[PDB]
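Chemist: Just passing along the structure, written as structure tokens.
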Amino acid sequence: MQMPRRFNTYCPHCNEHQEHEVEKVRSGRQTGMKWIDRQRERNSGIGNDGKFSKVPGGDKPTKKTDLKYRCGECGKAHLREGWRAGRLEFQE
Amino acid sequence: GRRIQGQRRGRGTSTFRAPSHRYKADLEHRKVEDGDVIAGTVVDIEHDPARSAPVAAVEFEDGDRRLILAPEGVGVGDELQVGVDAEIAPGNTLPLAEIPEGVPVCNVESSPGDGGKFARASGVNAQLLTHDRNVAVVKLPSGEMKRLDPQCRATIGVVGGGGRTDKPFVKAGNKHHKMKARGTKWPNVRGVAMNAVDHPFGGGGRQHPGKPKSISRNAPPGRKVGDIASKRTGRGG
Amino acid sequence: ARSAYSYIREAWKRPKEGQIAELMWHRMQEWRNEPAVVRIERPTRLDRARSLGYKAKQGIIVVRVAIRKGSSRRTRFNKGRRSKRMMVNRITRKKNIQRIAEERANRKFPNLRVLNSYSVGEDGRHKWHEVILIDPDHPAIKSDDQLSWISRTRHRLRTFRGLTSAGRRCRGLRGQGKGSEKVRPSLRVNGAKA
RNA sequence: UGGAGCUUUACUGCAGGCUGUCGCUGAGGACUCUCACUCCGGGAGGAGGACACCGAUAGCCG
RNA sequence: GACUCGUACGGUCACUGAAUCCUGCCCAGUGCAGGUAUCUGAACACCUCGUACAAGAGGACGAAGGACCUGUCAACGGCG
Ligand SMILES: [Cl-]
Ligand SMILES: [Cl-]
Ligand SMILES: [Mg+2]
Ligand SMILES: [Mg+2]
Ligand SMILES: [Mg+2]
Ligand SMILES: [Mg+2]
Ligand SMILES: [Mg+2]
Ligand SMILES: [Mg+2]
Ligand SMILES: [Mg+2]
Ligand SMILES: [Mg+2]
Ligand SMILES: [Mg+2]
Ligand code: NA
Ligand code: NA
Ligand code: NA
Ligand code: NA
Ligand SMILES: [Sr+2]
Ligand SMILES: [Sr+2]
Ligand SMILES: [Sr+2]
Ligand SMILES: [Sr+2]
Ligand SMILES: [Sr+2]
Ligand SMILES: [Sr+2]
Ligand SMILES: [Sr+2]
Ligand SMILES: [Sr+2]
Ligand SMILES: [Sr+2]
Ligand SMILES: [Sr+2]
């Protein structure tokens, strides 16, 4: 389905309608310095490593939209629930 | 499963050991102080159990009686010599250097002094080819060009008992008797005729290996069976 | 002023530097062609020996001991084991080579008791430690004000019970506070969790 | 949501082999050398050589 | 340490199973082996960023292996 790159809508920060810009959320890199990162190292050893021996599961036939709605004025953004969409193209 | 037979071999039990207590003598070359001057007389010819080949008993001047890796042609009374100044005749032992190029040699040392390592089986022989101040090229019975220290001692001639292989065993019993004189477990049951628990090619309703026979060289003992690291197989091509 | 000993000490801070590096290259060749436990007339490291308790007196013996480097020489399990226990290559022993050296030294001298020990280098496969051993039954030792304590019947085979310097550090007893919870007053007493 | 034996490109691991790297290990992307170390020799000495063996670790096969 | 007081006319690993007449075609898949410009390929060391240091992110190099090519069926097997 298609969706406008920009459009007016409620900005929870300014607390009033403003023209937002929609963007698909890009993944942020990992530092590798989180507790979970340290635990994988602490708890891995000879033989099976329990949970750290499991491997990334499957996928769903269709994912929900993962977007950021950034306000054109104050510049801050907010998230919203997503809806399943086989494809999402922006207009302009 | 259970360890395969090739693994029972290593533990070196009676079943897999050679009848050493029945063997006569390693036929390593005699050691000479130097300047040669060492000759002996062939007092008798004997049968070498461990090699199914004849061997000669020699009595050296200094009173030392030893069995020697006999080449073809040695007879009682004959006189053998071992040293650098040794006369280039069949049965004599001298450094590969003192041996003229183009002469058949046997019981060749791998390292000067080891007493001989190569070409000791029936009828075989190494052909000396190239000489030098650094290396002596010898052609081993396998047809391989071997580079040896020219100081490595050897015997002139081919090993006695040639053509031993020409005659067939004919019956199992004959095979039996020879096997009984070597470090070998005989007869042989094909792995494909064994239970799966006993060998990689075992099991199955009908006999046939359940895998390709060419195993990798890094295969672990117990798994390394069949055609080891084969570069090819069959005759075709 | 600095003592003559401080120089032996100083040299051994960096065994692969200076003259000693040269000395070690020398000695080790001889050490390698030597036994497992060899009695020597004088400590290689005088400062260390005297510092550990050594004394130029009767009933005092010194011995160099060779031991293989590396992890544990472990045999692979011959019966069922969960993945966690099918381990062989990375398993290391809980006793350190030095403690192992003191014990071997002690067997050679069934009548002497280990007073202490220290390392004297290693090549790529050996590890050498010199062990100071004492003769509890010789006077001159009994009558000694500094060592007579090692004659007490309570000290019979102190090494095999880990009462040695190296024994106690290995046992995790070095700290008197944090971290020595399951260690003091003994490993066995804490359910063997240290 | 029993047991065991057996199988395999079932899941997960463990030996073993191959391969790189660090230590042993030294002198003047390729080379010479000798002094550790290795092998041959009864010995003198000979062959090899900072490699290999051994210790540690990593990738592949398993 | 066995093999081994053994050394290729040896002895290890496998298949077939006296003699006689014979034993066709297939290397695509799998297996083994060799080769390989390029691609890919770990750790140590090295470089960049980050941190007064460290964690960490990235880079260059690139072993065996793999991709790729070749050999091989009295290898596994196949010949509708
Ligand atoms: Cl035979
Ligand atoms: Cl003691
Ligand atoms: Mg035959
Ligand atoms: Mg058979
Ligand atoms: Mg059967
Ligand atoms: Mg059956
Ligand atoms: Mg099996
Ligand atoms: Mg059949
Ligand atoms: Mg068959
Ligand atoms: Mg005092
Ligand atoms: Mg079951
Ligand atoms: Na004792
Ligand atoms: Na602990
Ligand atoms: Na069963
Ligand atoms: Na094929
Ligand atoms: Sr841990
Ligand atoms: Sr693990
Ligand atoms: Sr799905
Ligand atoms: Sr021999
Ligand atoms: Sr010998
Ligand atoms: Sr089968
Ligand atoms: Sr053919
Ligand atoms: Sr006792
Ligand atoms: Sr036939
Ligand atoms: Sr193929």
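Here, A, B, ... name the chains of the structure tokens in the order displayed, residue numbers run from 1 inside each chain, and ligands are numbered from 1 in the same displayed order.
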Set the cut-off to 7 Å, count only C-alpha atoms (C1' of nucleotides) and all ligand atoms, and list whatever residues fall near ligand 19 as a list in words.

Modeler: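 Those within range of ligand 19 are residues 26, 28, 114, 115, 116 and 117 of chain B.
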
Chemist: Output C-alpha atoms of each residue in that selection to a file, as a PDB file, in the first residue's frame.

Modeler:
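Output file again_2.pdb is given in full below:
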```pdb
ATOM      1  CA  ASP B  26      67.806 -57.879  11.785  1.00  0.00           C
ATOM      2  CA  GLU B  28      71.576 -54.358   9.480  1.00  0.00           C
ATOM      3  CA  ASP B 114      71.333 -47.080  10.125  1.00  0.00           C
ATOM      4  CA  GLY B 115      72.278 -50.456   8.658  1.00  0.00           C
ATOM      5  CA  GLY B 116      70.028 -50.420   5.613  1.00  0.00           C
ATOM      6  CA  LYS B 117      66.341 -49.629   5.208  1.00  0.00           C
TER       7      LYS B 117
END
```

Chemist: Tell me as a ChimeraX atom specification which residues belonging to chain B come within 9 Å of chain D, counting only C-alpha atoms (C1' of nucleotides).

Modeler: /B:1,110-114,149,196-197,216-221

Chemist: Go ahead and save the picked residues with C-alpha atoms, as a PDB file, in the first residue's frame.

Modeler:
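Contents of result.pdb, as written:
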```pdb
ATOM      1  CA  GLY B   1      29.419 -48.991  17.887  1.00  0.00           C
ATOM      2  CA  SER B 110      68.353 -44.050   4.649  1.00  0.00           C
ATOM      3  CA  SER B 111      70.858 -42.360   6.895  1.00  0.00           C
ATOM      4  CA  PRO B 112      74.539 -43.325   7.010  1.00  0.00           C
ATOM      5  CA  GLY B 113      74.935 -45.975   9.694  1.00  0.00           C
ATOM      6  CA  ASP B 114      71.333 -47.080  10.125  1.00  0.00           C
ATOM      7  CA  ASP B 149      73.488 -38.991   1.246  1.00  0.00           C
ATOM      8  CA  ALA B 196      26.566 -52.073  11.370  1.00  0.00           C
ATOM      9  CA  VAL B 197      27.925 -51.980  14.919  1.00  0.00           C
ATOM     10  CA  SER B 216      38.998 -38.188   3.599  1.00  0.00           C
ATOM     11  CA  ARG B 217      42.510 -38.334   5.025  1.00  0.00           C
ATOM     12  CA  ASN B 218      41.424 -36.317   8.054  1.00  0.00           C
ATOM     13  CA  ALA B 219      38.867 -38.998   8.904  1.00  0.00           C
ATOM     14  CA  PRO B 220      39.310 -40.290  12.469  1.00  0.00           C
ATOM     15  CA  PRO B 221      40.537 -43.803  13.141  1.00  0.00           C
TER      16      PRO B 221
END
```

Chemist: Could you give me, as a list in words, the residues within 8 Å of region 204-215 of chain B, counting only C-alpha atoms (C1' of nucleotides) and dropping anything in the same chain fewer than 4 positions from it?

Modeler: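 Near neighbours after the sequence-gap exclusion: residues 192, 193, 196, 200, 219, 224, 225, 226, 227, 228, 229 and 230 of chain B; 14, 31, 32, 75 and 76 of chain E.
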
Chemist: Find the residues of chain A in contact range of chain D, meaning any atom within 10 Å when counting only C-alpha atoms (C1' of nucleotides), and list them as a PyMOL selection string.

Modeler: chain A and resi 46-50+53-54

Chemist: Convert the current residue selection to file output with N, CA and C atoms, as a JSON list (two decimals), in the first residue's frame.

Modeler:
```
[["chain", "number", "residue", "atom", "x", "y", "z"],
["A", 46, "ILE", "N", 32.15, -25.28, 27.76],
["A", 46, "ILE", "CA", 32.18, -26.58, 27.14],
["A", 46, "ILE", "C", 30.77, -27.10, 27.04],
["A", 47, "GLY", "N", 30.50, -27.81, 25.95],
["A", 47, "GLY", "CA", 29.18, -28.37, 25.72],
["A", 47, "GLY", "C", 28.18, -27.31, 25.29],
["A", 48, "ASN", "N", 26.90, -27.64, 25.38],
["A", 48, "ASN", "CA", 25.81, -26.75, 25.00],
["A", 48, "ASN", "C", 25.81, -25.49, 25.88],
["A", 49, "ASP", "N", 25.37, -24.36, 25.34],
["A", 49, "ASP", "CA", 25.31, -23.13, 26.12],
["A", 49, "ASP", "C", 23.90, -22.71, 26.43],
["A", 50, "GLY", "N", 23.00, -23.69, 26.55],
["A", 50, "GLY", "CA", 21.62, -23.36, 26.83],
["A", 50, "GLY", "C", 21.04, -22.40, 25.81],
["A", 53, "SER", "N", 22.77, -21.26, 22.60],
["A", 53, "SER", "CA", 23.01, -22.29, 21.60],
["A", 53, "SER", "C", 21.80, -22.34, 20.67],
["A", 54, "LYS", "N", 20.80, -21.52, 20.97],
["A", 54, "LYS", "CA", 19.60, -21.45, 20.13],
["A", 54, "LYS", "C", 19.93, -20.52, 18.97]]
```

Chemist: Out of D:10, D:24, D:56, D:30, which residue has the shortest atom-to-atom distance to chain C when counting only C-alpha atoms (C1' of nucleotides)?

Modeler: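 Looking at the shortest contact to chain C, the residue is D:24.
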
Chemist: Identify, with DSSP run on backbone atoms, the residues in region 15-96 of chain C assigned to strand (DSSP E or B), and express the list as an MDAnalysis selection string.

Modeler: chainID C and resid 37:40 60:66

Chemist: Residues of chain E within 9 Å of chain A, using only C-alpha atoms (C1' of nucleotides), as number ranges by chain?

Modeler: E: 55-57

Chemist: Using only C-alpha atoms and all ligand atoms, what table do you get, as a tab-separated table, when you list each residue of chain B with an atom no more than 10 Å from ligand 3, its nearest pair of atoms, and their distance in Å rounded to one decimal, rows by chain then rising number?

Modeler:
```
residue	atom	partner	partner_atom_place_in_ligand_line	distance
B:165	CA	ligand 3	1 (Mg)	8.4
B:168	CA	ligand 3	1 (Mg)	7.9
B:169	CA	ligand 3	1 (Mg)	8.6
```

Chemist: Can you pull out every residue within 6 Å of residue 2 (chain A), counting only C-alpha atoms (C1' of nucleotides), but drop anything in the same chain fewer than 3 positions away, and send it as a ChimeraX atom specification?

Modeler: /A:88-90

Chemist: Suppose we keep N, CA and C atoms; can you now write the selection as a JSON list (two decimals), in the first residue's frame?

Modeler:
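Result file selection-v4.json:
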```json
[["chain", "number", "residue", "atom", "x", "y", "z"],
["A", 88, "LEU", "N", 5.10, -1.19, 1.73],
["A", 88, "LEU", "CA", 4.78, 0.19, 2.06],
["A", 88, "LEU", "C", 5.66, 1.16, 1.30],
["A", 89, "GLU", "N", 5.06, 1.85, 0.34],
["A", 89, "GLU", "CA", 5.78, 2.83, -0.46],
["A", 89, "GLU", "C", 5.26, 4.22, -0.12],
["A", 90, "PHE", "N", 6.17, 5.18, -0.01],
["A", 90, "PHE", "CA", 5.78, 6.55, 0.31],
["A", 90, "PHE", "C", 5.58, 7.37, -0.96]]
```
